[PDB]
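Throughout, a chain's letter reflects where its sequence line sits, starting with A, and its residues are numbered from 1.
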Amino acid sequence: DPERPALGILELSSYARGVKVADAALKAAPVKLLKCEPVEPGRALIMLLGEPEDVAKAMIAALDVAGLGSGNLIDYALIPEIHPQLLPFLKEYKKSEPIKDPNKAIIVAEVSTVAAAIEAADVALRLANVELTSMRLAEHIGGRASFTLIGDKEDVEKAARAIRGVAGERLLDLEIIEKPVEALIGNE
Amino acid sequence: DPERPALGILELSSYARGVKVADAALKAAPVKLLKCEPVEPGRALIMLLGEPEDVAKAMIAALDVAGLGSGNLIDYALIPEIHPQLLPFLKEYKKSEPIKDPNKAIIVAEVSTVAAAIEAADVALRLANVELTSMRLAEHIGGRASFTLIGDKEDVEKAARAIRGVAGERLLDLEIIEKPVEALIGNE
Amino acid sequence: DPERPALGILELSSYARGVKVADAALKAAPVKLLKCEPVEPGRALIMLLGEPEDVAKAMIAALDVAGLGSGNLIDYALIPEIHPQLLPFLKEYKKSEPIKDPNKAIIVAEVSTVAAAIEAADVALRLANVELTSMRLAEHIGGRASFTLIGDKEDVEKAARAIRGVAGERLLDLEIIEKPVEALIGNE
Amino acid sequence: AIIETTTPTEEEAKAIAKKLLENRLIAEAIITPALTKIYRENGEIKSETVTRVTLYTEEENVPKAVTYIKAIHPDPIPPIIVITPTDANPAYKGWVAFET
Amino acid sequence: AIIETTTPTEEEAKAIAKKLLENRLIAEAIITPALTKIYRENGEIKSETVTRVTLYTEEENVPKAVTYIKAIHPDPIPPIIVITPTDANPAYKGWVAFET
Amino acid sequence: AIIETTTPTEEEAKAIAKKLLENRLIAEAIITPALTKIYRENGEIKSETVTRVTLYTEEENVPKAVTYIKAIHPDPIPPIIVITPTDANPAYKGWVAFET
Amino acid sequence: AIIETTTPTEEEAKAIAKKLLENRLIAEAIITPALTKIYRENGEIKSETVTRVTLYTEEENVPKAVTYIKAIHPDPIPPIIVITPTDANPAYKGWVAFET
Amino acid sequence: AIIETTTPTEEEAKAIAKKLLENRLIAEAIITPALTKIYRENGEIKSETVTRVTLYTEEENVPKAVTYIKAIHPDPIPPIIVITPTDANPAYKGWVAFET
Amino acid sequence: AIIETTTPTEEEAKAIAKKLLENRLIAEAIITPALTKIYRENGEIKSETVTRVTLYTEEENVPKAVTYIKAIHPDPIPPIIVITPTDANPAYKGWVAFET
Amino acid sequence: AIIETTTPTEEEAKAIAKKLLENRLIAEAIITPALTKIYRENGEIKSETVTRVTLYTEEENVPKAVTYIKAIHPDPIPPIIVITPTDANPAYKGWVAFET
Amino acid sequence: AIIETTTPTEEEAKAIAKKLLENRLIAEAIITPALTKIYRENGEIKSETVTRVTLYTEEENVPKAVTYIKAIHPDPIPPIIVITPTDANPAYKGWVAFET
Amino acid sequence: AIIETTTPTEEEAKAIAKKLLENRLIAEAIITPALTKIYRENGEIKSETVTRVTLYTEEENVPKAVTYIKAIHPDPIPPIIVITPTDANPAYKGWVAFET
């Protein structure tokens, strides 16, 4: 992969259907598989990485097999150029560093699908002057996902408008905390 | 903390609302935070430790923020002096020791919230001559909790009446086993 | 245990009722206990191993206590002689070896109870020329289970008919993949 | 549940409470002496001294306790009243169940 | 039904009870003297002596009785509270209806 | 809403009431001294002196007030009971809301 | 599912079973020889020897199997009856599906 | 509908069938001789020889046929069992109705 | 309820019945010897001798009885089938319950 | 949401767009010049030159934007039309919300 | 309602609009010349010049207008598409109804 | 279904259309050059030239077509909008399905 790859995402309600979908995608184009895991309860999550047009060919083949219209497909997305801050949180598990400033605010968001979470965070990092500190996907959870950003008060205000626009009806909760106490950083 | 601290408990249905509630509590009084974790499915659990009046001031501030009446608050409790046998099971994970006597009976209880479980066990240890052997909170479970006590047959009978009184409608199951086989101790 | 033991399986909806059932079974006959664990959400799973008639006496006592008819018992089964390929996957956790041939097909199945999964796999190994590669029971899942077999194309076709016969209404999904890509083996 | 009644003297009130405790029908009792009662007798208004008794128990024991009080009360038509609280400290409900 | 209120002196409490009995709006009354009340006046905490009155009547008489008490009470904003019991001795309910 | 509890001495009862008033969780309190309590200890029946406290507040303040009382009460298992009235003088409800 | 019929001789019964097995419509058959049948012909009661056949198959194969039996049976009006069991060993249902 | 029972000898089985045919309550009967029965008598396990009888009739005749069998059976508590088939050749149902 | 299965020899069939009677899981059994079975092995049609067993019990005993039969049967995949009758002589149902 | 209208000259179209952007009621605008309009005036068919304007905004801003356009448009009866799309790129909806 | 179609030349587009206005089926039309169309003919990709026409009318006139356009269009399979707006200036809807 | 987007140059617009036709995801495309766009950058209002593209396809092809456009578009956040018509000439819908 080059410095800047593209990412495709598919979410399905059956582990067996997921295995079939992943096989078709990998035969259509030279992409690399990141995730094919079962998801609570009895669901599946597939992530693909590669060149933009190669990822597009793979997703076209997957959408045919998945039965788009039969109720087996929950959500999907394609991101043409993934933001550099997001890649470390996806390849491995990361943690929260000490927060140098005490004057920054934070924002916490909860959404109903993995596709909504990744796309919303990517757009907010692109348009506003903020930083990403944690991202937690569904693990025995049941589809819920969440992430956290930090910045100055008026910048965090702008990012909130963008997040509401991207998520739409998939947004569950959103809160802004001014001047958080230290322990919240450490407990994170 | 002194030899004998107090404990406060709050259970919420959203991880983001939980972060906000914990921030208000820690700003109101000098207490120490034990748990702020997400709970299956997409819930949150907060535990506070400190002096009795300090814990009271913290819980007052938390109840204002939590929206007591809006359906975000599931349960809560305050325990003025936590029993000495209970503290080891909360600070760390513990296990079941070999059971010296073969003539003792056991009782197993299942309840629907964490607040009910801690309060019921505390009262039973206070009033009856029994011992605590295991306590298991909700971890990917969905709110269910359980615990186990051991003692002589007539003492275990008295403890059962107290447990029913404390739990009320939050009690799900309760069983008494006379002369249990060895493997149940080891498998525990 | 001899080279060839028998296996009994019981699935219950309450951890406390499960402890009571296991105690009665172990007092009735000299069998060995494999599993007594809580199951998502708040359920329990019991597995017994031993001689065929000894296992039968234990299951008779368990069925009396479990309240067969009161809605506490979800499913059960007895297998008189467990297939040799199945035993390693039950005693310990196993993994997928490299797949020597590239010309073999695979089949993936999903069912609603643990009893259905073990019985269906045992019969398929008995009647058709196939091999077992993975078996995954419910862990924080909620009852769903799955397994995977490999063989030549027409042999896999015969095994599918047997699986549908055993599972009945407990079958959720079933797929056959011809000539799977390499990464599916490695990701497994 | 809370049960209330009145008697003419303090001695009679204590005797009722002791009988109910020995039969394990209640957990505890509170006694309030030296009150004044005003009512009408023979078309005339009069006043006299009384004592009040309050008893604390579990909801499932109420029919048994009321029946026993009626049998041993000194007045020909005893006033007996039951009140159901809307909330209580859960630890105290545990103690009440343990005692009865 | 049970109606409760408080007054500054014992004499005032007896006068209220007598007026309600003469109009046949209640059956009897109980008076509890020499209590202490604590509250805030002008941003300051103070304490004073009070007397309590409890009145027993039928459910269909409640709106009339509350209206009359408001008209004759000595305080500018009188506290008046109504409690509904969940059970009672049936013979006593007969006596209460006979008296009103 | 009405909240009731008991304490061993009159001094302890006044201290609880003052703390609740300073935090603006209640509007006023009434104290009743020198009562008798009867109960069972170690399989034996005994009696002792107690004091009663009654507190008046708004329905939306109840969970906060009960939590604070539990933290400062002198007994190991304090009895705390809540009663909901069926009716009240509307002017008095206005005063209670104004004070809290 | 279970299908039952009768024939006059043992040889005819075996021939029916073999034809159904070659077409893969059933999994196995059981044959019971040398029974007695009693019925009425021309207003007279008579008796004769018969043989019984029982066939085991899957529910979705029933309409095809009944149609084929009607075409090859030796009697002018053949008795054919279908019974549905309420339960069965799950391993045996797997074997039956594998064979058909 | 199918009705089943057993008798100690072959002769007794034929007699039951003939009586039912003369009253036009059934259409035909099948008799299976020389079987073995195992059961418990006086806390002991014993075995003996029996004969089985199977009878074929219409659904609306079942209550009459069962009543008649009970009256003429040789055992003190006769076992009589009824089974309802899920399907049958329509031409055979026509013959059964024609005969009864 | 009625349970049916088959075995290769008459001796094996009697042994199964005796074990079930000693555990009080059934009331009686009937044994039918010397039948013929036809099926397919290795793509070839073959025939062999078998014996049939029929067992009579109560509905609430069915899961226990099926489990025990599976444990002691001589064949690797035993055929076991359950049939539910639509009616029966009430006196006989009384005897069956008395025996188990 | 998409809002469309027309004006007689290109200059007038640009002026409308600038006013709406300064008030933060829309995110962007597209202008299409030199079209032909055909309609009827005084019972006669005539043709003239026009310019089209298309505006992109959020659904919750629509009533405010339409009101402002009506106030500043140069024609006596301005045509204003609103269209609701069935789908859109989610990243673009984020940008539109960020800009308004 | 809005109706859209395309034609090969500007002259043909004006002729369609004039015919619809003379029959009073529409209120006005807008014409957009000199666009490019890309599509596939005989397995080959080609491009050519086209003109677009947009027509504005009332909802109850739509079936009549579409029928007339089909009869006079120059292409063998004409593309005709209808779009329904979600909102409009009420004064403009009045003018449209007045003109048709 | 109708899909709309914009690009900075005419050459880029033609390239997008050709790629979609070769993959058989659309039936035809229309291109409109030399328009003006007005929006805000860095708190300043600016204007620039753009080209518009319109694509015609079937409803079941929409998710595939939108995904492919996102992958090859030249702008960092491309505007892509979908509109669903309420009616169309049935012969034209036949041609569109035949071509894809």
Side-chain angles (χ1 to χ4, degrees), chain C residues 6-9 52-53 55-57 59-60 63 68 75-82 115-116 118-120 122-123 126-127 162 165-168 170, chain G residues 1-4 26-30 54-59 83-100, chain H residues 38 83, chain I residues 1-10 12-21 23 25-32 35 37 39 50-85 100:
Chain C
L7 179 78
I9 300 163
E53 236 195 292
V55 173
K57 289 185 209 258
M59 296 268 288
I60 287 321
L63 285 168
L68 154 81
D75 215 345
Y76 64 95
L78 190 151
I79 291 151
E81 210 190 279
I82 191 88
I118 306 296
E119 191 152 22
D122 180 270
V123 169
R126 207 167 292 271
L127 299 177
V166 173
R170 305 172 287 169
Chain G
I2 301 160
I3 303 165
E4 306 230 60
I26 64 164
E28 56 182 5
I30 310 283
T54 306
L55 320 154
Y56 302 83
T57 200
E58 247 164 296
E59 178 66 62
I83 289 159
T84 300
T86 37
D87 209 39
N89 176 18
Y92 182 73
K93 280 144 83 52
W95 179 81
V96 163
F98 179 90
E99 284 300 317
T100 55
Chain H
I38 302 166
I83 289 159
Chain I
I2 301 160
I3 303 165
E4 306 230 60
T5 193
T6 57
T7 65
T9 71
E10 209 185 312
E12 290 163 322
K14 288 150 137 64
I16 287 174
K18 190 182 316 333
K19 274 262 181 63
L20 288 167
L21 277 162
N23 276 88
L25 293 173
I26 64 164
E28 56 182 5
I30 310 283
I31 295 178
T32 308
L35 310 171
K37 176 158 100 173
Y39 72 116
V50 285
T51 296
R52 181 189 267 129
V53 202
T54 306
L55 320 154
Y56 302 83
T57 200
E58 247 164 296
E59 178 66 62
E60 40 277 11
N61 280 346
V62 164
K64 289 208 271 332
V66 168
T67 298
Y68 215 103
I69 289 163
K70 261 149 84 43
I72 62 174
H73 201 288
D75 296 337
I77 308 187
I80 305 161
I81 282 142
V82 182
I83 289 159
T84 300
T100 55

With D75(I), which residues qualify under salt bridge (charged side-chain N to carboxylate O under 4.0 Å, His left out), at least two apart?
-> none
Backbone N or O of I31(I) within a donor-acceptor pair of the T51(I) side chain at under 3.5 Å?
-> no
Minimum-distance pair of heavy atoms, taken over all atoms of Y68(I) and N23(I) = OH-OD1, 3.8 Å
Any residue meeting side chain to side chain donor-acceptor pair (under 3.5 Å) with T6(I), in chain and number order, not counting sequence neighbours = none
With sequence neighbours left out, what residues match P80(C) under side chain to side chain contact (heavy atoms under 4.5 Å, CB included)?
-> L78(C)
Taking all non-hydrogen atoms of both residues into account, name the closest pair between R170(C) and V166(C) and its distance.
-> NH2-O, 3.2 Å
Establish, for the pair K37(I) and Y39(I), whether the NZ or CZ atom is under 6.0 angstrom from the six-membered ring centre and no further than 45 degrees off its axis.
-> yes
Partners of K14(I) by salt bridge (charged side-chain N to carboxylate O under 4.0 Å, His left out), sequence neighbours excluded?
-> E10(I)
Set of residues satisfying side chain to side chain contact (heavy atoms under 4.5 Å, CB included) with respect to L55(G), sequence neighbours excluded | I3(G), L20(G), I26(G), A29(G), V53(G), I69(G)
If you measure from CZ on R126(C) to CZ on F98(G), what distance do you get to the nearest 0.5 Å?
-> 13.0 Å
Which atom names give the shortest non-hydrogen contact between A77(C) and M59(C), and what distance separates them?
-> O-CE, 3.4 Å
Apply ring-ring contact (aromatic ring centres under 6.0 Å, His included) to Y76(C) and list each qualifying residue two or more places apart in sequence or on a separate chain.
-> none
Nearest heavy-atom contact between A97(G) and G165(C) is CB-CA, 4.3 Å
Side-chain polar contacts of residues 58-66 of chain I - donor-acceptor pairs under 3.5 angstrom, sequence neighbours left out - could you list them?
from: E58(I); atom 1: OE1; to: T100(I); atom 2: OG1; distance (Å): 3.0

Could you walk me through whether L127(C) and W95(G) pass side chain to side chain contact (heavy atoms under 4.5 Å, CB included), step by step?
-> CA-CA 8 Å; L127(C) 299 177; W95(G) 179 81; 4.2 Å; yes
Residues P78(I) and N89(G): closest non-hydrogen pair is O-ND2, 3.1 Å
For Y56(I), side chain to side chain donor-acceptor pair (under 3.5 Å) partners two or more places apart | none
Validation row: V82(I), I2(I) side chains within 4.5 angstrom (heavy atoms) = no
Just jot down the side chain to side chain contact (heavy atoms under 4.5 Å, CB included) partners of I82(C), sequence neighbours excluded, or say none.
-> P5(C), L7(C), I79(C), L86(C), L87(C), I118(C), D122(C)
Within residues 88-100 of chain G or reaching into it, pairs that qualify as salt bridge (charged side-chain N to carboxylate O under 4.0 Å, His left out) - sequence neighbours excluded | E99(G)-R40(I)
Those residues at least two apart in sequence (or on a different chain) that pass salt bridge (charged side-chain N to carboxylate O under 4.0 Å, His left out) with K57(C) are none
d(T5(I) OG1, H73(I) NE2) to nearest 0.5 Å is 3.5 Å
From CA spacing to verdict: side chain to side chain contact (heavy atoms under 4.5 Å, CB included), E28(I), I38(H) | CA-CA 6 Å; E28(I) 56 182 5; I38(H) 302 166; over 6 Å; no
Taking only residues two or more places apart in sequence or in another chain, which ones pass side chain to side chain contact (heavy atoms under 4.5 Å, CB included) with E12(I)?
-> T7(I), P8(I), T9(I), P74(I)
Got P85(G) and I81(I) here, is their nearest side-chain heavy-atom distance under 4.5 Å?
-> yes
Looking only at heavy atoms, what is the nearest atom pair of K70(I) and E119(C), with distance?
-> NZ-OE2, 4.3 Å
